[PDB]
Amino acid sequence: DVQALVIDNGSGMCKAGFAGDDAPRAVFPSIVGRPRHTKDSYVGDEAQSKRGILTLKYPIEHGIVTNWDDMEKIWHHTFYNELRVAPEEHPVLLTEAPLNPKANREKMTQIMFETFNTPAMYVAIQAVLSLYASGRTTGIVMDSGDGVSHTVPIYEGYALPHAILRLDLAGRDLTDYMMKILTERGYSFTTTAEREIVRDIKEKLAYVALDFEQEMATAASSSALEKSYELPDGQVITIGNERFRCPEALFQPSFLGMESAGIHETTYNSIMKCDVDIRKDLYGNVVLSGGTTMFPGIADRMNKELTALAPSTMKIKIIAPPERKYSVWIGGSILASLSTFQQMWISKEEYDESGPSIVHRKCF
């Protein structure tokens, strides 16, 4: 009996744990810190807390690894410090962003076998794991995390690459936007600790309005929509229509000076790229996943917008599980735990024999 590990490499947060558990044992910032002017490096929470003397780097951008040296450090730390395991003793399932470059898939594979000596490994597409976690084989996943939002149509277990689309706007962008609009109210949140306060405000007080214009009129007319927030000292601030204007940017990217379509349109557009014969199944299975889909009211709003774009005879169904922030990781935990998983992973033998390119024939 062997124990597999599951690692979901997010652009903002890494989720790591043991297959079979219903939640990741470790969730920490995907950051590597190094001495600013001169322990050689730090990772995660400790790097973040020691930023005063460290230069921080985020090796994953838009779900794609951009620095392999730093990524090795995150993984090294994940194994030895966060999970407290010897990697050479465990099969490892890693997640990847949709449309992850072929070169990157091979790299990840080579690092696991050559650097960490994993006895076996597998790479799964994040969106697909989320669909599985929701108990479905067909549907369209709208995965929105840190730097990017993806719309991924999946049919009978497999994503349809040609129809995968993306909005280059996600959580960090919403946090930065909240920072900006809060200044118009006369608040300055510029430092790292201050940006963290803004993120908390976004995560705790923001919500998606079903009807934005009407929500704006309401805010302007009364103080019904106002909420109070207490800063780390004791200063209490008041936030109004910023609560819903912040996440509104997901639906109206022009709010950030972006020309691309909002998430509801991107979802509709991905659906229209699929064979008419399966579109009914996509509209009826819109699965939301990722931290940025956690805003109250987002499912109701997605339902409304998609219903407006689709024929009136199309049944629209938005699935927004409460645990959707870890949906990708949970899907991985289940997959890695199946009695049939032992045959799907790339083993050391296979790697030794075929090399990194084996990933394209074992994981697709």
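We number the residues from 1 along the sequence you see.
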message = How big is the unmodelled gap, if any, between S312 and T313 relative to the deposited sequence? Choose none, 1 to 3, 4 to 9, or 10 or more.
response = none
query = On average, are the C-alpha B-factors higher in 354 to 362 or in 4 to 12?
reply = 354 to 362
ask   = As stated in the PDB record, which stretch has the larger average Cα B-factor, 256 to 264 or 117 to 125?
value = 256 to 264
query = Highest Cα B-factor in the deposition, which of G157, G284, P91, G147?
reply = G147
ask   = Which of these has the highest Cα B-factor in the record: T192, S228, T293, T78?
value = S228
ask   = Going by the entry, which third of its chain does the Cα temperature factor of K107 land in?
value = middle
query = Taking the entry's C-alpha B-factors for this chain, is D40 in the lowest, middle or highest third?
reply = highest
task = Compare the C-alpha B factor of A19 with those of the other modelled residues in its chain, then answer lowest, middle or highest third.
result = lowest
ask   = Ranked by Cα temperature factor within the chain, is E82 in the lowest third, the middle third or the highest third?
value = lowest
key: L205 CA temperature factor, ranked by third within the chain   = middle
